[PDB]
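Enquirer: Protein chains in written order, with the entry's author numbering: chain D, 1 to 351, 374 to 492, 502 to 522, 542 to 609, 638 to 691; chain F, 1181 to 1264.
Mind having a look at this structure? Questions to follow.
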Amino acid sequence: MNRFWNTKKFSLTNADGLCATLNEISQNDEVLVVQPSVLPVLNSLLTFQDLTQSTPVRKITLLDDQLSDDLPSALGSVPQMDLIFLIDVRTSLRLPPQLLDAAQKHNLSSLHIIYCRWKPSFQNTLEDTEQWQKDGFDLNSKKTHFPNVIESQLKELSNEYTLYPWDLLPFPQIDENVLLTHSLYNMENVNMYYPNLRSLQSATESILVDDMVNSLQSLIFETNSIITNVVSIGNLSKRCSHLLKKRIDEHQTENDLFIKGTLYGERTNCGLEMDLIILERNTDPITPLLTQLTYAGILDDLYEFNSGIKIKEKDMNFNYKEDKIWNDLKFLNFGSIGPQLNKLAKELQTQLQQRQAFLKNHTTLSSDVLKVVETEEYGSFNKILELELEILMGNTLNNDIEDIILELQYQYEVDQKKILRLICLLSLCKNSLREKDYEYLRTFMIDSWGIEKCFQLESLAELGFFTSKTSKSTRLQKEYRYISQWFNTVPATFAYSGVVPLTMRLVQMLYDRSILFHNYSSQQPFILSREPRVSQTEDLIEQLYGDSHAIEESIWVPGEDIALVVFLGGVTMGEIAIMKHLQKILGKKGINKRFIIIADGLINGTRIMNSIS
Amino acid sequence: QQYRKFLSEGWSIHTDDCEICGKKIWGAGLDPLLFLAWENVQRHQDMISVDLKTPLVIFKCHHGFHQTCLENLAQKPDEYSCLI
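Here it is, written out as structure tokens:
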């Protein structure tokens, strides 16, 4: 807020707007009807008690076909004032049929709905006071617009179209530092980047990039920032950067270009820098599939977080704004939790009961997790780690891989997803697999897991995960054993099998070429540069991607620090753990910066496997 | 005529900063906080509230000084005199 990104301050605006709208609906007893996908987000913002006390609504429901049978049971009952639906139409451009069938059948006499949208900063605070009646109606907005958007398909029943545009802007839930935008799923639980229908990839990609650009524009115009340097990586990031630049340069108002002349300008500057490094998940498919070792990573891949940051099996919330025990243990390694918990418990003995309840709950949950790690296919949780560590450095032999893949297939029972992920990593690590092993691996797969597995192994065999030795979308076509020489991923590191992520070193090289100095270096343009630059580092990335055009460096202004590292394609939460380590080590070395990680939705190995199915 | 001609002319500043706290007020290299403070005013008039409440004082000596900086020397704000 006001050039200082007070992230928690973003939370209040959405709640205030929703409360004002709901209280301005009607001063009676209201019943709320909320879409299943958006409800968890709303509950993570407004508590039930606050919702009841602030506005006279007293009931919340869900959009389901069960309501059709309950139309004469639930909808017929209550209905003290009216029914206020809440829908999300930001993606999939289609209203759910539930409201369509309920409107005509139950014959509601008052239809009011709520639709979500990003904040229209271009409205610039209603533009003063309409310029004293538009200086004699010199400007007007009647019919100066298309008749309807998306909701033009709603042209049935009555004219009760009291729409209400509730505003929404990103706010942090999992942690103070990192915000999160939900644009990676539809209402049908289909991945927005890896859809299970290989006929409409291009449109889905365009829609995703458009929505991401819209969210970034909303945040940028809300915070009143001036981007100075852009480091785009990949193909889609190029289009995203160009579209964002065009949209910023088109829709910006006046009274700020004048400031753009005063600040920065010609022959002078004021020492303000913001960076917009952008990456794509397809660039490095090496590390969304490794096993998590941090506490929240282990707790995540065994029990999937929903849209809200909570879990079904437990009841206590993991929100950071009311508890401090979770703050200091979320990103620590699993091994260093026990003794720390023992010390925390023993120090309080000499020494309010809410802390006791919190520590008891944490101890019980940790004990349950430790118990469930073992005795549940004992040794698998470690065996996969040793196998992954062996594969990453490279120890594959002639036809011996077929012996170990089925070694744990039925000796220890294991899910399909683990095997599929491991074989994908095997096929991806060597950057190529010969033509004499697919004929056996695919045969065994189709033998053991049905007939539909052939379709999965065919569809997944074109995104780059499952390739054969015999508009490129920026795949990776270089052996990984080479990358272990330029970079020092395998020696400082946690949340993995002792391996540094590839994105980690990719962002490291932009500011300090130390590891690149040890290997493949005789001269460098610099050793410590404050501004992001890319020079004399083309050939290494020319062979790494097959084209010396993936790297893009853009300077916008002609002539401590906020860096916006967005993530198009999900964030593997282990990267968040190493981001803090990067910030700490860079601050120690001398360069002081602050990182904000924009995420389109948490991504994880198993969560990917159901996507392409 | 000489007295009349010497009551409308202005004066410039030749020094780059005061002589009691260093810093700089004229040449390129201002603190970004001042630039942000100017942006807060004359753009939206939201709220000008910050510790930067020191108005610069210009003198015939052209050296220039702050107000709180001179107040630190137990100088009443009615007898401001340059230190030469």
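Think of the CB as a built atom: it goes at the ideal place given N, C-alpha and C, for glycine as much as any other residue.
Tell me whether the region 549 to 558 of chain D and the region 421 to 432 of chain D touch, counting them as touching only if at least three CB pairs, one residue from each stretch, are closer than 8 angstroms.
Expert: With a cut-off of 8 angstroms, the region 421 to 432 of chain D and the region 549 to 558 of chain D do not count as touching, because too few Cβ pairs lie within range.
Enquirer: With 8 angstroms as the threshold, decide whether the Cβ of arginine 3/D is near any Cβ in chain F.
Expert: So, interface residue.
Enquirer: How many angstroms separate the CA atom of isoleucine 113/D from the CA atom of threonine 13/D?
Expert: Rounded to the nearest angstrom, the two C-alpha atoms are 20 angstroms apart.
Enquirer: By a C-beta neighbour count over all protein chains shown, 10 Å radius and 16 as the cutoff for buried, is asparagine 107/D buried or exposed?
Expert: Burial call: exposed.
Enquirer: Does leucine 197/D have its Cβ less than 8 angstroms from a Cβ in chain F?
Expert: So, not an interface residue.
Enquirer: Answer with yes or no whether the minimum CB distance from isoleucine 259/D to chain F is below 8 angstroms.
Expert: Closer than 8 angstroms: yes.
Enquirer: List the residues of chain F that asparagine 670/D touches, going by C-beta distances under 9 angstroms, in chain order.
Expert: Those do not exist, as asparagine 670/D stays about 14 angstroms from chain F at its closest Cβ, beyond 9 angstroms.
Enquirer: Would you kindly work out how many angstroms separate the C-alpha atoms of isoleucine 207/D and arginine 512/D, rounded to a whole number?
Expert: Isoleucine 207/D and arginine 512/D: Cα-Cα distance of roughly 37 angstroms.
Enquirer: Nearest-angstrom Cα distance between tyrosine 115/D and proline 36/D?
Expert: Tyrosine 115/D and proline 36/D: Cα-Cα distance of roughly 14 angstroms.
Enquirer: For a contact meaning CB atoms closer than 8 angstroms, what does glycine 271/D contact in chain F?
Expert: Per Cβ cutoff of 8 angstroms: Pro1212.
Enquirer: Can you find a CB in chain D that lies within less than 8 angstroms of the CB of residue 1265/F?
Expert: Outside the shown range of chain F, which is 1181 to 1264, sits residue 1265/F, and nothing can be said about it.
Enquirer: Taking the alpha-carbon of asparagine 688/D as reference, which of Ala677/D, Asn191/D, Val607/D and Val521/D has the nearest alpha-carbon?
Expert: It is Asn191/D.
Enquirer: Beta carbons nearer than 7 angstroms to chain D: which residues of the region 1211 to 1237 of chain F have them?
Expert: Against chain D - using a Cβ distance shorter than 7 angstroms - the residues of the region 1211 to 1237 of chain F are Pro1212, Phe1215, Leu1216, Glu1219 and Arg1223.
Enquirer: For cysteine 19/D, I'd like the list of residues in its chain whose CB is within less than 7 angstroms of its CB, leaving aside the five on either flank, ordered along the chain.
Expert: The answer, listed in chain order, is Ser54 and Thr55.
Enquirer: How many Å lie between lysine 143/D and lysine 1233/F at the Cα?
Expert: C-alpha separation (whole angstroms): 50 angstroms.
Enquirer: Would you call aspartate 469/D buried or exposed, if buried means 16 or more other Cβ atoms sit within 10 Å of its Cβ?
Expert: It counts as exposed.
Enquirer: Give the residues of chain D in contact with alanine 1208/F, contact being defined as C-beta atoms less than 7 angstroms apart.
Expert: Chain D residues near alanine 1208/F: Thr268.
Enquirer: Give the single residue among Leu126/D, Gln351/D, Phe466/D and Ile298/D whose Cα lies nearest to the Cα of residue 372/D.
Expert: Since the model of chain D passes from 351 to 374 in one step, residue 372/D is not part of what is shown.
Enquirer: Report yes if the C-beta distance between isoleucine 674/D and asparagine 269/D is below 8 angstroms; otherwise report no.
Expert: Contact: no.
Enquirer: Below 8 angstroms between beta carbons: does that hold for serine 68/D and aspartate 16/D?
Expert: Cβ distance not < 8 angstroms, so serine 68/D and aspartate 16/D don't count as in contact.
Enquirer: What residues are listed by DSSP as bridge partners for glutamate 602/D?
Expert: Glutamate 602/D pairs with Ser232/D.
Enquirer: Quick one: list the residues of chain F neighbouring residue 501/D, beta-carbon separation under 8 angstroms, in chain order.
Expert: For residue 501/D, no position is available: the coordinates of chain D end at 492 and pick up again at 502.
Enquirer: Going by the DSSP bridge assignment, what does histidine 112/D pair with across the sheet?
Expert: DSSP lists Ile84/D as partners of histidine 112/D.
Enquirer: Where do the ends of the beta strand (DSSP E) carrying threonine 61/D lie?
Expert: It spans 57 to 62 - the beta strand (DSSP E) in which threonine 61/D sits, taken as one unbroken run.
Enquirer: So is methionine 1227/F buried or exposed if we call it buried at 16+ other beta carbons inside 10 Å?
Expert: Label assigned to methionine 1227/F: exposed.
Enquirer: Run through the DSSP bridge pairs and tell me what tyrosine 185/D is partnered with.
Expert: In the DSSP output, where bridge partners are listed per residue, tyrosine 185/D has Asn191/D.
Enquirer: What is the rounded straight-line gap between the Cα of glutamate 457/D and the Cα of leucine 216/D?
Expert: Using only the alpha carbons, I get a separation of about 45 angstroms.
Enquirer: List the residues that DSSP assigns as beta-bridge partners of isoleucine 640/D.
Expert: For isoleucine 640/D, which the question treats as bridged, DSSP gives the partners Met274/D and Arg672/D.
Enquirer: Which of helix, strand or coil does DSSP assign to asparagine 682/D?
Expert: Coil, per DSSP.
Enquirer: Over what stretch of residues does the beta strand (DSSP E) that includes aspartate 167/D continue unbroken?
Expert: Taken as a continuous stretch (DSSP letters only), the beta strand (DSSP E) holding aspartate 167/D covers 164 to 168.
Enquirer: Any beta carbon from chain F within less than 8 angstroms of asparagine 255/D's own beta carbon?
Expert: So, interface residue.
Enquirer: How far does the alpha helix (DSSP H) with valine 395/D in it reach, from first residue to last?
Expert: Its alpha helix (DSSP H) spans residues 375 to 395.
Enquirer: Please tell me whether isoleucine 676/D and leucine 642/D are closer than 8 angstroms, where the distance is taken between their beta carbons.
Expert: Yes, they are a contact pair.
Enquirer: Could you tell me whether the region 217 to 236 of chain D touches the region 271 to 278 of chain D, where touching means 3 or more Cβ pairs closer than 8 angstroms?
Expert: Contact between the region 217 to 236 of chain D and the region 271 to 278 of chain D is present, because at least three Cβ pairs lie under 8 angstroms.
Enquirer: In the DSSP output, what is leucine 646/D paired with across the bridge?
Expert: According to DSSP, which records beta bridges pairwise, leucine 646/D is partnered with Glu280/D.
Enquirer: Any contact of the region 19 to 30 of chain D with the region 74 to 83 of chain D, i.e. 3+ C-beta pairs under 8 angstroms?
Expert: Touching, yes, given that three or more Cβ pairs across the two stretches are closer than 8 angstroms.
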